[PDB]
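Architecture and fold: a report
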Amino acid sequence: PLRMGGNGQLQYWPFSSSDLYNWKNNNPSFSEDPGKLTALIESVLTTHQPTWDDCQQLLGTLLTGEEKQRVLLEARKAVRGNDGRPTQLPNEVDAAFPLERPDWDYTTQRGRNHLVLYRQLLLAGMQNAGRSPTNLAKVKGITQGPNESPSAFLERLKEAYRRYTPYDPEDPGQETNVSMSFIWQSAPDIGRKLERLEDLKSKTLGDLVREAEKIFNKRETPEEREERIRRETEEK
Amino acid sequence: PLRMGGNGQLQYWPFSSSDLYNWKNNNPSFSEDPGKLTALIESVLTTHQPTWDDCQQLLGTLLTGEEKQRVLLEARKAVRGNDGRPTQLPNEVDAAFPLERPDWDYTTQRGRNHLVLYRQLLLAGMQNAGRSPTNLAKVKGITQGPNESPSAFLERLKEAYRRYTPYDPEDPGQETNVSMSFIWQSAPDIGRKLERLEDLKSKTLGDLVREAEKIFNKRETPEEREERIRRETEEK
Amino acid sequence: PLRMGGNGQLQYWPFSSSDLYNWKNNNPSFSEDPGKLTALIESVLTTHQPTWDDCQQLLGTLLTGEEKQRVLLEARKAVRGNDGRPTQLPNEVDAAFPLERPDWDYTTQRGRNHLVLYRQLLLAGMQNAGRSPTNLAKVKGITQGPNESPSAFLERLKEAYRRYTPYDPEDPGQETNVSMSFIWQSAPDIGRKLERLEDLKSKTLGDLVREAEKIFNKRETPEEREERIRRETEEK
Amino acid sequence: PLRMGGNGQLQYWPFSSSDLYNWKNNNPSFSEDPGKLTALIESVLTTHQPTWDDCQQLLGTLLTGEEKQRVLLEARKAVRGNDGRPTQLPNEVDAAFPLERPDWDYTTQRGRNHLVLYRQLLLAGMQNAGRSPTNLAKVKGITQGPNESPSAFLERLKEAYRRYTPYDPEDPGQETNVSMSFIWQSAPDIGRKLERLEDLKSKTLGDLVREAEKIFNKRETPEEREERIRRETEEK
Amino acid sequence: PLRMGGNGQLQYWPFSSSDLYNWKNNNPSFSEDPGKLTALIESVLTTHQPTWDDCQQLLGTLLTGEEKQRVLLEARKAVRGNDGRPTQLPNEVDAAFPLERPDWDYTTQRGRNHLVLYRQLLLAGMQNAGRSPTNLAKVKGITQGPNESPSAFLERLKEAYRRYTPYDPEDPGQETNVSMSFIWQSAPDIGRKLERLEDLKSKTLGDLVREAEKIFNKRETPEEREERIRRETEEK
């Protein structure tokens, strides 16, 4: 990592292995859901201002051999010449995104600019290597658990959209689509009530979550139910 | 994070992911009990002096997509014009609480002031987004376990008040209310003795905990009880 | 935390949450055994030179709501006027141990002195709030386990003295008392041999541990015992 | 560790034990698979710029007594005289790779050069001590699990090549070899389809993984299968 | 801890509790095997350059009350007068190894020298307090497990020599002794083959480990064995 020191000069320190392994362990593999690690790495590329060697550790630690390779070739394919167009000219490709340690000096504007570009291309590589295969069955398979809160269920449903479709569940144009899955795949008592809401067309995803919470939050405690049964006094 | 360097100049460093994940893992979700994370974030906003990007990591890591959205809209709704009144004027709202990365420079008084305001609005957003649904049954359901100390039980009871009522269990005006729940929901031997205390009306919550501890601390060890039984010598 | 920077100026940084949670998780609650956390906090108050806000995080993280309250009132009760005597004068109490954030500036001798006093009073508060209820049965209940080394058993026995009696097991005047519990509550083979030691009155606690280790260290391996049995050749 | 300070002077700090133990715990032992720890140490030797004492902690923590010994003798065997040839002259060997703490001062070009050489020789020692015994059966024993993704299986297969053969599975000359193992040892449905691919000779390892993913990603959900069975309506 | 700052001045920071607890948790107790913690503390005394208070935390965290006491008295017994001989003169003993916080100022050569001596005496104290009781049965009880590699077994065997004998298993004069235990206590197939090696007297401990690995590495996979059995075709 690099940071601007108190003396106006960049200062280097290696990644703590705890950060690298924490990032790995708190995310799905790149293959499972490329968006996760891509977003994490995009962030780190900014906050940690990694050098070329730092980037090798990032990639080497978070990606498998086969994933890293895909990303690196995708990054080299993203290089542009001075005319803003793709280039497969070895010298240009190598200069932008070197596969072997470059002589970039972070204390120089020249070194810094190469680092900026390298990081940008690395990100591009990951974005393009991503392309997670679609599988709508995975989205239909997200069903609210009997103890699962509506907001927790919605987050799992959105994660499935991200991983297994090309649709961003946060896009305004996807709201009715996510809303319909949310209603259909909520726990049955909740889904039946959401379906019956007055002016259903007018409900945002946030509205639906709040309405589902009212039903969920009306969970009718096990103890309460048992007490009712006891006080049933209806025999057979 | 930002801190005043030894040279009188602000110094930046990114959050350690271990801190972010520790904060997440040691607290309930925002939806479960908004007070928990809100108080943690209020503290961090001060001690860590986060930039706008840092705040995005905080929110992005500690809140779900749906929670973050609620908070961000609530924060924008908290923006005030120069006349101290609410404003929905896009330029004013955007200038105070930008949804996209602003050009705020922390080395400038201008940048610092925007950061201060941003953090204040973020906190407001969380406070207002909170509004955890009420559920008195949850408070009545907190019952002292057979091995649970009176002070540990009281902390669980207060946590239920915080999460599932609008009442602050630490307010002086709530003391008799919390006291009555504490007496009623203590383990039966303890509750019966607390109920019989002389000048019960005069007992603070702290007094009641100390009296319950005397009974609890009189637990009559299992070994002791067994020994007594053995030395029973009373046959049938 | 504060530390003297390389430039001769105090430098501030917030507590890592990992430290706070580690301190919490590696100790009993304050109520269970006040000495543990009190000693930890006394140490931290020195090494970490916490500000008033830092102290709020310490207390807020390591103590329950009810424990913190006890400590804070005990700290305010420990305030002394300029005549070295207790004072309940609101302005004096508030000035020494404020319940709300004070304007103390650590870059000023004035601020530093208030911080020193605050920390001293905080410690006093914890020491006085402590007063763990006595329970001799807990001390008598510490019995050496069949696999437990004599030194490990002695440490558990001393911990019970600390938590459940007013006697410090490290005091020279308590040595024979701890020694007698150690002999009586050691594993039976060990206790019978320690009781038979020549010049028993002359044995220190350290001597007794070493003598018990000789017996323990003569554990007669399970394998060895089994082998002996096999080579028994005595039939019925 | 050493790093260039903000003042243009090297700065020393000891390894955090968390890093050392994390490195140990996230890798196989040196004996099991020398490549793992060798690559980790090669990286650290650069990013952390360890002193001679730091190197002793690295080795002492990551290697067993017997492994460290092998490495140290291998490192001393890698020393070269000024004529670029091996030397077993005690003074030359001792000067390059001392077994006891040297007087190297990192603030001097002399000290720095010795440190550079020491680290280079340490790496050489590890590389040469490596020589993991071959065992082709271990490579043939890597079979894709019923829930295991093709990319995860390929990474396990490559790990076995690294640990139990002298062949680098990333070498271009090994691609058909790894490809054949990948096809043969994939789950049976996948392997049969990969074997039937048109222009199979033209498929890279990456192509084969993508083709296997299409089959795997066609997993035919358990729920789906069950539903089909239910709707079977074919009785006996 | 202390370190030389970038400004040529010592800089202080308290131990992270994570380091202290990691050191504790990754080692046997002092009583179990004094060598472990003694070596760890000897290292830390150098890399972390602890003050007197830091040393109290080290000892207080890594040793039990009874162990620390032994160490402290042993350290005071190691103090030497200006004539290089032992001294029990209170003032000399107290000046070298104070039991209560001394006024040592690390910014002074006087303070630094006392710190150096204190650390040296602390180490001496631990070395002398060590003296782990002998128990040859423990060494004979180290037997290679059926899945245990020869190098892993040898490390466990050496650990038993360290903990339960006065012999250093790394001494050149102990090699044949450790070698004989290694051969005798290896898994039976391995031990029988090592015993039959040509020029056995000439085999180093490293040679024996490599020969045992050849046999172990010839483990004859369970799958392989099963396959052989199946293809047995010999019926009864």
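- As recorded in the entry header, the structure was determined using cryo-EM to a resolution of 8.6 Å.

- Chain A has the name Putative gag polyprotein in the PDB entry, where Murine leukemia virus is given as its organism.
- Anyone opening this PDB entry will find it titled "Mature MLV capsid pentamer structure in intact virus particles".

**Some details on the overall build of chain A**
- Of regular secondary structure, chain A possesses twelve helices and two strands.
- Beginning at the N terminus, the succession of helices and strands in chain A can be written as β-β-α-α-α-α-α-α-α-α-α-α-α-α.
- Expected size for 236 residues packed as a compact globule is a radius of gyration near 18 Å; at 25 Å, chain A overshoots this value by more than 25%.
- With the C-alpha coordinates of chain A rotated into their principal frame, the extents come out at 85 × 40 × 35 Å.
- By sequence separation, contacts in chain A at least 24 residues apart represent 55% of the contacts at least 6 residues apart.

**A few points about the arrangement of the chains**
- Separating chain C from chain D is a minimum C-alpha gap of 12 Å, and the two share no contact.
- At the C-alpha level, the nearest point of chain A lies 12 Å from chain E, with no contact between them.

**So, the packing of helix α4 (residues 65-76) of chain A against helix α6 (residues 109-130) of chain A**
Residue and element names in this part refer to chain A.
- Remark: α4 packs on α6, axes separated minimally by 7 Å, with the N-to-C direction vectors making an angle of 120 degrees. In the crossing of α4 with α6, the sense of the turn from one axis to the other is right-handed. From α4, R70, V71, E74 and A75 reach across to α6, where they touch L121, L122, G125, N128 and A129.
- In the contact of α4 with α6, the residues fall into five nonpolar, two polar and two charged.

**Some words on unusual backbone geometry**
Residues and elements named next belong to chain E.
- In this structure, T233 takes a positive phi of about 50 degrees despite not being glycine.
- In this structure, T233 sits in the segment after α12 (222-230).
- Its identity is not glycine, yet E235 carries a phi of approximately 50 degrees, on the positive side.

What counts as what
Residues numbered from 1 in each chain as written, not as in the entry; some residues may be left out. Chains lettered and ligands numbered in written order. Part of a larger assembly, values for the part shown. Heavy atoms only, no water. Residues with missing side-chain atoms left out of burial classes, pairs and counts. Helix = DSSP H or I, 4+ residues; strand = E, 2+ residues; numbered from the N terminus. Rg over C-alpha atoms; globule rule 2.2 N^0.38 Å. Contact = heavy atoms within 4.5 Å. Axes fitted to C-alpha atoms, helices over the stretch in contact; angles between N-to-C directions. Left-handed = near helix turned anticlockwise from the far one by under 90°. Nonpolar A, V, L, I, M, F, W, Y, C, P; charged D, E, K, R; others polar.

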